[PDB]
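The chain that follows stands alone, in the form deposited in one PDB entry, written as structure tokens.
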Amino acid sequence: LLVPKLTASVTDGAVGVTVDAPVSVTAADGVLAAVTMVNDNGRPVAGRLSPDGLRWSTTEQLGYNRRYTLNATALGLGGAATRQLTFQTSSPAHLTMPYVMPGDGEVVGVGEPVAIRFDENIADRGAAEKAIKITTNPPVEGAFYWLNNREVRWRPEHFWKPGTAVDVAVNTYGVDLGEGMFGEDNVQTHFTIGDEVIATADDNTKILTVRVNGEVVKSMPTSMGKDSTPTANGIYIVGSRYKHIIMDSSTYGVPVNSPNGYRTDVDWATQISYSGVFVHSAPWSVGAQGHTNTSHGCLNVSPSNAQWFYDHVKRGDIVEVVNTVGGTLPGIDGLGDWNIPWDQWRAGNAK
């Protein structure tokens, strides 16, 4: 004649209960006859009893700064049992919203990292990383690395293989991300890796050679940064692409009428670094393309070739610059992720 026993995922009088998980009640030596949970305003939280009557769980996300009262009743062959539990959830000092790139359903190149950018500084980087679940198919190992206080990146050791599915579940709602900062919401994104496209700009030849799945499909002469403002070597990730884009140097503090000033509407511009390196149309430098470097760091190419590049590259394709007189693109540029050695990237910078 055992009385039914009830087990809850919460404790009476608990405080700071995180809302990153549903609340459940389980019955033994009997079944749940009724389970209810209401907040301080009397409003119930949606839940569902399992078909066998042994498990009840909330199906609606709980809220912050709330007081919940949980009531459960179990009936068994041996009698009846009831419990009442009250608890209070986390009271964030501030919330932060995550933003994920690339976009959901996108087809990206083999260089595209997963990016999760928050709208606030993240004090507990480890908590953030733990709340982000990455699925890859075919599965490959990857690791997180922070570009700054708000944006973390995830990538494998080598370029993605085409045909790879990437699933990104940012499960930050209810997660304490440090110093009272909690996740404002969850985000779900999924994308796929398309064709391997790798363009190599070699300063020795001043040719930009585009290889699609290992085959050279296009060669175009280029003029890169002049010796005083050279184009950094390294691996660049293709970012945004513009049919045309207005650029004004005074926007960033450089007068237009200075030696390094400019104010023009640029055609067929493909971004390959946050620092400002673009592939774009440079009709004025057609003669120097393939012979001498004349730009401020951009890879200048012909109008038809710049349009060709715009048409044939996608977000996440790779541009690799070699043999310039400049240094190496910073790994934390924003599109320079691949320039960090794997051992450093894997080790991370969570602490």
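All residue numbers refer to positions in the sequence shown, first residue = 1. If you superpose the two forms and keep the largest set of C-alpha atoms that fall within 1.5 Å, you have the rigid core.
- Legend: mean Cα B-factor per stretch from the PDB entry, 60-68 versus 291-299; the higher mean is in 291-299.
- Higher mean CA B-factor, judged across 233-241 and 247-255 from the recorded values: 247-255.
- Per the PDB record, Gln188 has a higher Cα B-factor than any other of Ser273, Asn137, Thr270, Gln188.
- For the set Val108, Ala199, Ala131, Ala80, the maximum C-alpha B-factor listed in the entry falls on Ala80.
- When the modelled residues of the chain are ordered by their C-alpha B factor, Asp119 lands in the middle third.
- Per the deposited record, the Cα B-factor of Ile318 falls in the lowest third when ranked against the other modelled residues of its chain.
- Residue-level temperature factors show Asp176 in the middle third of its chain, judged at the C-alpha atom.
- In the deposited entry, the Cα temperature factor of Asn260 sits in the top third of values across the chain's modelled residues.
- Among all modelled residues in its chain, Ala127 ranks in the lowest third by Cα B-factor.
Another form exists, deposited in another entry; not displayed. Remarks below refer to it.
- After superposition on the rigid core, the C-alpha displacement between this form and the one not shown reaches 2 Å or more for just one residue among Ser240, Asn213, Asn149, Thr251, namely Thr251.
- With the core held fixed between this form and the one not shown, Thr135 has its Cα displaced by under 2 Å.
- Positional change of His94 between this form and the one not shown stays under 2 Å at the C-alpha, relative to the superposed core.
- After superposing the rigid core, the C-alpha of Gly261 moves by 2 Å or more between this form and the one not shown.
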